[PDB]
């Protein structure tokens, strides 16, 4: 979609969806569009992964509106069937949100990805 | 061509048919009321194919 | 057995016999229209006025109810109780009321049938004696408020034990519980013997005949796992669809197509059964709208089976019958439909039958193949027959143009069948 | 009253009378049936 | 008398490469699997594969089914007649009956059955019928002894089925159709 | 149904507040309502009683 | 407002240790690991919940 903004490449998408698959093992990951909207308002979101091929795309465009206010990074992985399978859930997931836990073992690997997402912004 | 090699055309020649599973026709009751029999039969054939 | 088991068996046989006044004020108080207090305070003479006034309105809607005013709804038929009469005379009271609930069941949304059957409820006790043909005539109105009243009277038979939790319930009996009725192997054997009784009088109506199949589809659907259960099921269902094709009515015939196509996809039937079914679809196929549904059966029936003899030539009595009811131009307008159903495994049995039986019209046999992308083995199995035909038939130039279509596409397929049978140079030398 | 003495209408009833098992198991189809897999552990 | 062989390599992210070995190794085409993030195994089938190979050169037949494993149970079936056109093809059916990492995808030698197994959870072989993409429901039951299935194999000829475990016991079956 | 509406009404609202092109025929919304009617008539067919 | 910032960050950690306790009950196969520091966290098995 042309409404898609910052859309990660083929390369960084493999890094983002690997951290998603490791955050769903630590259960540190809230799932879905209507739950990633929650973690923004609580402020406990590290960053926001979203899908690009969701039809209609307008059902998740409020998250780039919301993240610009609260200064939380966001990208678009290209396909919602991908982010679904990497999240541990049978249904396709169109927006995924990494929560903040500083005791996490994967904290280092999140901030490596987070810096690359703020690089696109 | 061998006799078993003929049958691999007969195996590959079939196509996938959508099956009849136990939850496939239970929604048809909501549209029985005052419909013509022609337009119901296509609503069966649209499920099977 | 015990005493109280045998002594409650006498209670069923005297369920209608009014003995005490309190026994009468329980039996007479239940009815279709009036509530329990105002029903017990009125004569049969009062009810007969409202019935015979209403029944003359139903005679105006259709003249078939005019006969029952001579026999059941007559003024002399107030004094007759069921219990007083002999055993032969009761079966005639059943066979009148069984003939009545066929004609009554169609006009059941209308207000006058509610006032009409109620005298035949309250005087003739059909809510106790014969509640099968009362309920089987009115089994398709389960969502309506009139069937909720019919449940609020009837002591349910042992076969309708699925609805027994919905008697005097608030909400209507839901759509799945209607399927749990038809899932039983015995309750179907009523609904056969109700329907073959209902076709013989040629009063089968559209909303009724949908609700038959919309249950008969689901019974095949709920039993699509248990291959034993389906094996004992089609003496019940296919014997309907055999008799449901014998109907003059075009509307009954389309219902037979819905059950046949659904069962054929759920269970691979034998070759002889499908060719049997294809004759009876062909034989009584008269009206316009029954023909379109009938063609999508044979389109779908031939793809259900798969095995040796899958693509066999049609038998002689079958094929010319299919040419009689379906035209070779009309089958071409069928393939050009943008629906474009999977006509794949049938036409390669249709084309081979042309090659053996008729042979006069092989211009069509080219134009059949441009319109359908066939399967790989089918084209080989066609071209073997034509090369047999190439030697036998007195040689013809239009047959040469058929192979020119196969010199266009799949050249090696033409070679490999010739390298299986005959020579490579001899076919081009033959033409 | 009863004695036995275009295609017919009774063609579907007659062949149902003359068969007792309806599923095509006699074919040796060489196509595999869905949902029911004949297997024998060795 | 003449055929060419083709590599089908899999990126972990899900990009399928198509090298051909007859001429020196060049890409023929690329196509991404729809979805498929953490991908373990691909094996093609329906013809001659490395499990059900050929005898003479005329026996070599082009395959028809392609299956793509995952680390989340997802198998994706590709009809090889249609998927070679668009180069970003839609898979036919997304099989998701397993719950863990796929570790063995082998076909029948006739190309009608797709095994799929996981070496993580015990008793985790599932058979998939083709082309209907319906998992078989009767076998395997609960009481079908498998163990942690680590190695599945079909016969080329007789229709047998050999399933390994972690315990060491190779338990053998017979597809009674064949 | 109060979940399924408030989900699909949240799907319908973001197509209305945040689409600069509107087909203005309720084309997403009638696709939303048909999913709830499928959810509803599924959920009325199921019943807690024993048959 | 110095105290609210001291109140809230203390009050978030009550949720963070409660939310981790609430996520132990649901499904899945859990691994009891202990760090070398002594803090207890869990690691659920890589298994797509259905």
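Throughout, read-outs are computed from the coordinates displayed, never taken from laboratory work. Don't worry about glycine lacking a Cβ; one is built from the backbone with ideal geometry, like all the others, and counts go over all protein chains shown.
Some points to look at:
- Total residues in region C:238-266, condition buried (at least 18 other Cβ atoms within 10 Å of the Cβ), within 11 Å of chain D (Cβ to nearest Cβ) and either touching a strand residue (DSSP E or B) at 6+ places or on another chain (Cβ under 6 Å) or farther than 19 Å from residue B:19 by Cβ (or both): 10
- Only a single criterion out of (1) more than 8 Å from chain C (Cβ to nearest Cβ); (2) surrounded by 15 or more Cβ atoms within 10 Å (Cβ to Cβ) is not satisfied by residue B:28, namely (1).
- For region C:292-317, the set of residues classified as buried (at least 18 other Cβ atoms within 10 Å of the Cβ) and more than 24 Å from residue B:49 (Cβ to Cβ) consists of C:313 only.
- Residue check for residue C:229: more than 10 Å from chain D (Cβ to nearest Cβ), surrounded by fewer than 23 Cβ atoms within 10 Å (Cβ to Cβ) and in a helix (DSSP H, G or I): yes
- Which listed residue, of B:23, B:12, is exposed (fewer than 13 other Cβ atoms within 10 Å of the Cβ) and either facing another protein chain (nearest Cβ under 7 Å) or under 23 Å from residue C:178 (Cβ atoms) (or both): B:23
- Verdict on residue C:379 being part of a helix (DSSP H, G or I), surrounded by 17 or more Cβ atoms within 10 Å (Cβ to Cβ) and within 13 Å of another protein chain (Cβ to nearest Cβ): yes
- Candidates are the residues of region G:2-50 that are touching a strand residue (DSSP E or B) at 6+ places or on another chain (Cβ under 8 Å) and within 14 Å of chain E (Cβ to nearest Cβ); the one that is farthest from residue A:87 (Cα to Cα) is G:31.
- The residues in region E:62-116 that are more than 14 Å from chain G (Cβ to nearest Cβ) and in a loop (DSSP other than H, G, I, E, B) can be counted, and the count is 20.
Let's see how each residue does on (1) surrounded by fewer than 17 Cβ atoms within 10 Å (Cβ to Cβ); (2) facing chain C (nearest Cβ under 7 Å):
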{"residue": "D:3", "(1), (2)": "yes, no"}
{"residue": "D:8", "(1), (2)": "yes, yes"}
{"residue": "D:12", "(1), (2)": "no, yes"}
{"residue": "D:20", "(1), (2)": "yes, no"}
{"residue": "D:38", "(1), (2)": "yes, no"}
{"residue": "D:42", "(1), (2)": "yes, no"}
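- In the set (1) out of contact with any helix residue (DSSP H, G or I) (no Cβ under 8 Å at 6 or more places or on another chain); (2) part of a helix (DSSP H, G or I); (3) under 21 Å from residue C:150 (Cβ atoms), the condition left unmet by residue C:46 is number (3).
- For residue C:198: the one exception among (1) in a helix (DSSP H, G or I); (2) surrounded by fewer than 19 Cβ atoms within 10 Å (Cβ to Cβ): (2)
- Tally of residues being under 19 Å from residue C:176 (Cα atoms) and either surrounded by fewer than 16 Cβ atoms within 10 Å (Cβ to Cβ) or more than 7 Å from chain C (Cβ to nearest Cβ) (or both) across region B:31-42: 2
- Hits in region D:22-32 - residues which are in a loop (DSSP other than H, G, I, E, B), within 7 Å of chain C (Cβ to nearest Cβ) and out of contact with any strand residue (DSSP E or B) (no Cβ under 7 Å at 6 or more places or on another chain): D:27, D:28, D:29, D:31
- When residue F:3 is tested against (1) surrounded by 14 or more Cβ atoms within 10 Å (Cβ to Cβ); (2) within 13 Å of the chain's Cα centre (by Cα); (3) within 12 Å of chain A (Cβ to nearest Cβ), only condition (1) is not met.
- Any chance residue B:45 is assigned to a helix (DSSP H, G or I) and either facing chain C (nearest Cβ under 7 Å) or over 30 Å from residue C:312 (Cβ atoms) (or both): yes
- Considering the conditions (1) part of a helix (DSSP H, G or I); (2) more than 12 Å from the chain's Cα centre (by Cα), residue C:310 is excluded by exactly one of them, (1).
- Cβ-Cβ under 8 Å pairs, at least 6 apart or on other chains, region C:280-293 side more than 14 Å from chain D (Cβ to nearest Cβ), far side surrounded by fewer than 19 Cβ atoms within 10 Å (Cβ to Cβ) and assigned to a loop (DSSP other than H, G, I, E, B): C:291/C:326
- Single residue of C:353, C:367 found to be crowded, with 16+ Cβ neighbours inside 10 Å, more than 14 Å from every other protein chain (Cβ to nearest Cβ) and under 24 Å from residue C:296 (Cα atoms): C:353
- Criterion violated by residue E:55 - all others in (1) within 13 Å of chain B (Cβ to nearest Cβ); (2) assigned to a loop (DSSP other than H, G, I, E, B); (3) within 17 Å of residue B:11 (Cβ to Cβ) satisfied: (3)
- 2 or more residues within 12 Å of chain E (Cβ to nearest Cβ): qualifying helices (runs of 4 or more DSSP H) within region A:1-79: A:10-23
- Being assigned to a helix (DSSP H, G or I) and under 22 Å from residue C:98 (Cα atoms) is a description that does not apply to residue C:153.
- Of the residues examined, residue A:16 is one that is crowded, with 22+ Cβ neighbours inside 10 Å and in contact with a helix residue (DSSP H, G or I) (Cβ under 9 Å, 6 or more places away or on another chain).
- Scoring residue E:162 on the criteria (1) assigned to a loop (DSSP other than H, G, I, E, B); (2) at negative phi leaves a single failure, condition (1).
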